[PDB]
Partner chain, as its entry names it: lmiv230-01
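We begin with a single chain expressed as structure tokens, specifically the form solved without the partner chain.
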């Protein structure tokens, strides 16, 4: 579909048309708060008499579940300042740029990093630079170093004898993690192999004997790759303690309600490509729980077991 169609002929360079040499970039780190790394070009690209400059924001990731956020001012949003701004790729963040020879060329981000989460929306607006901001969350595990780029280029905006600047985001993801504690429900080529290697327990449709068992401790990250024919799941909005009596009219209890400061990722299961959810148990949380949820298939259910801080 149009959301992520690659243009194989597109090519640019870091400098674009600015005639600014790479040895003359203004390079700086992303602004990182907890696990959100932000490249904000709101006050970096305005026309000045010494423009164009190149403003290069460097995102360096070596730990799991980092959310990257890039803010690029909209064309026409302020008088004069952004008259000719442009962003590349237009289909960011589904499409990114990577280095090939001296050039930057388009690649599918999801093919680069298995399990990366792109939500359809950012604060109830479409996840696309036309709305001013894009976001994506990196997964619990990354196997190979990956470097990719975005462009937010105001250098063609000319005001009197002033020119805007060209903004670059370089995201450098180093490898981290090995496998995700949890389960992959597989159907039984490159994508099929990844699906088999990323979770500690694989569950095949035929002749499986062990239910999904997610064993978590303080600080740990868990995850599940849900079956393709999933109809619905109560993981993790309705966990049930299976060491207590089950009453179906009891109110629902989420993992978040049961485990203070736990975080669930892609809880709506609307991220593109990957039918996954990740969970993080805080290091603070020290109690023991034994819970289960369920996965209902499309026309038959799967039981899912979660243990937290088992003695």
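Here, rigid core means the biggest group of C-alpha atoms that superpose within 1.5 Å across both forms. Residue numbers count along the first chain shown, from 1.
Omitted from view is the form deposited with the partner chain bound, to which the following refers.
Engineer: Would residue 20 count as a contact of the partner chain in the deposited bound form, using a 4.5 angstroms cut-off between non-hydrogen atoms?
Structural biologist: Yes, contact at 4.5 Å.
Engineer: With heavy atoms only and a cut-off of 4.5 Å, decide whether residue 99 touches the partner chain in the deposited bound form.
Structural biologist: Residue 99: yes, in contact with the partner chain in the deposited bound form.
Engineer: Residue 15: heavy atom within 4.5 Å of the partner chain in the deposited bound form?
Structural biologist: Yes, residue 15 sits close enough to the partner chain in the deposited bound form that at least one of its heavy atoms falls within 4.5 Å.
Engineer: Is there a heavy atom of residue 145 no more than 4.5 Å from a heavy atom of the partner chain in the deposited bound form?
Structural biologist: Yes, contact at 4.5 Å.
Engineer: Using heavy atoms only and a 4.5 Å cut-off, determine which of 90, 80, 111, 103 is in contact with the partner chain in the deposited bound form.
Structural biologist: Here the answer is residue option 103.
Engineer: Just to confirm, with a 4.5 Å cut-off on non-hydrogen atoms, which of 172, 217, 204, 176 contacts the partner chain in the deposited bound form?
Structural biologist: Contact check passes for 172.
Engineer: Would you say all of 237, 267 and 285 touch the partner chain in the deposited bound form, counting a heavy atom within 4.5 Å as a touch?
Structural biologist: The answer is no: none of the three residues contacts the partner (heavy atom, 4.5 Å cut-off).
Engineer: Hey, of 224-232, 130-138, 147-155, 67-75, which bit sits against the partner chain in the deposited bound form at 4.5 Å between non-hydrogen atoms?
Structural biologist: Comparing against the partner chain in the deposited bound form, the contact stretch is 147-155.
Engineer: Can you tell which of 42, 243, 283, 261 moves its Cα by 2 Å or more between the shown form and the other one, with the two forms laid on the rigid core?
Structural biologist: Shifted by 2 Å or more: 243 only.
Engineer: Can a Cα shift of no less than 2 Å be assigned to residue 208 between the shown form and the other one, given superposition on the rigid core?
Structural biologist: Yes; that C-alpha moves by at least 2 Å between the shown form and the other one.
Engineer: For residue 270, is the CA shift between the shown form and the other one at least 2 Å following rigid-core superposition?
Structural biologist: No, residue 270 moves less than 2 Å.
Engineer: Does residue 33 move appreciably between the shown form and the other one, meaning a CA displacement of 2 Å or more on the superposed rigid core?
Structural biologist: No, shifts by less than 2 Å.
Engineer: Did residue 245 and residue 280 drift closer or farther in the deposited bound form, going by a CA distance change of 3 angstroms or more?
Structural biologist: The answer is closer, because the C-alphas of residue 245 and residue 280 approach each other in the deposited bound form by 3 Å or more.
Engineer: What happens to the Cα distance from residue 257 to residue 252 in the deposited bound form: does it get closer or farther than here, with a change of 3 angstroms or more?
Structural biologist: Relative to the displayed form, residue 257 and residue 252 draw closer in the deposited bound form - a change of at least 3 Å between their C-alphas.
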